[PDB]
Amino acid sequence: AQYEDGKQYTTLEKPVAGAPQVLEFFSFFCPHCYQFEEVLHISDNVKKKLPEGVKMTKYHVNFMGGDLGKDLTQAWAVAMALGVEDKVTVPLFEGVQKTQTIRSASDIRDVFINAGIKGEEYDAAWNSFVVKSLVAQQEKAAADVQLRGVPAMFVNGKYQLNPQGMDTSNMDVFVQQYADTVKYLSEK
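Pasting the structure below:
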């Protein structure tokens with residue numbers, strides 16, 4: 001057929017109950033993730049093609065970048081709690097991978113300050129139990145699918161996107177295949 005298990009996607013032999021509908025994992029240390037965000041705009045193009053009523057979720061992971069990797073997962077929890085994802089995603093990616101000016105939790109904090117989040121508001125969130133439980137949620141979602149690599153996207157806790165089984169000559173064409181595949185899995 002056109003869409004085939006093992007080609008554009010794989011099926012989880014161990015499906016995850018109650019999972020978010022469209023669930024993306026990334027790391028600010030992940031080179032393909034940088035491409036996905038700043039060059040390909042994957043999340044955005046997926047969103048534009050998703051049906052009525054389908055929520056999109058994106059979580060950070062711990063398994064890259066050691067101590068700073070965990071800090072970034074907590075900062076992403078802060079970002080979600082405050083609703084400022086669209087203000088910090090680009091400077092966090094560039095701070096980690098392009099300028100390499102993010103080397104500590106303080107440097108992460110600076111990105112939020114520069115983006116206009118008040119320090120006192122950042123620090124309150126950082127230390128909050130709501131953020132602790134948002135960290136727990138990110139960790140549990142990743143653990144549930146035995147996640148070993150990013151970028152990754154899962155649909156209804158049962159299908160995992162398989163971008164290696166897609167064309168990459170043209171960047172635009174890859175992005176729409178990825179998005180169209182998500183829509184298909186969505187409607188499945």
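Mapping to PDB author numbering: the sequence shown position 48 is 48, numbers consecutive. A virtual CB, placed ideally from N, CA and C, is assigned to each residue, including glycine.
Check                                                                                                                    : Outcome
Opposing strand residues paired with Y59 [DSSP bridges]                                                                  : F25
Exposed unless 16 or more other CB atoms sit within 10 angstroms - verdict on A75                                        : buried
Rounded distance between the beta-carbons of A179 and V131, thought under 8 Å                                            : The pair is not a contact, with the Cβ atoms about 31 Å apart (cut-off 8 Å).
Helix, strand or coil at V155 according to DSSP, with G and I counted as helix                                           : strand
Contact belief for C30 with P151 at Cβ below 8 Å, rounded distance in angstroms                                          : 7 Å
Which of helix, strand or coil DSSP assigns to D167                                                                      : coil
Inter-stretch contact (C-beta, 8 Å, three-pair minimum) for the segment 3-15 and the segment 62-74                       : no
Supposed contact pair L50 and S186 - C-beta distance, whole angstroms, cut 8 Å                                           : 6 Å
Cut-off 7 Å between Cβ atoms - residues of its own chain near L147, not counting five sequence neighbours on either side : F25 and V61
Own chain partners of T181 with C-beta closer than 7 Å, once the 5 adjacent residues on each side are dropped            : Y3, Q8, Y9 and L161
Presumed contact (8 Å Cβ cut-off) between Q176 and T73, rounded CB distance                                              : Not quite, the Cβ-Cβ distance comes to about 30 Å (not below 8 Å), so this is no contact.
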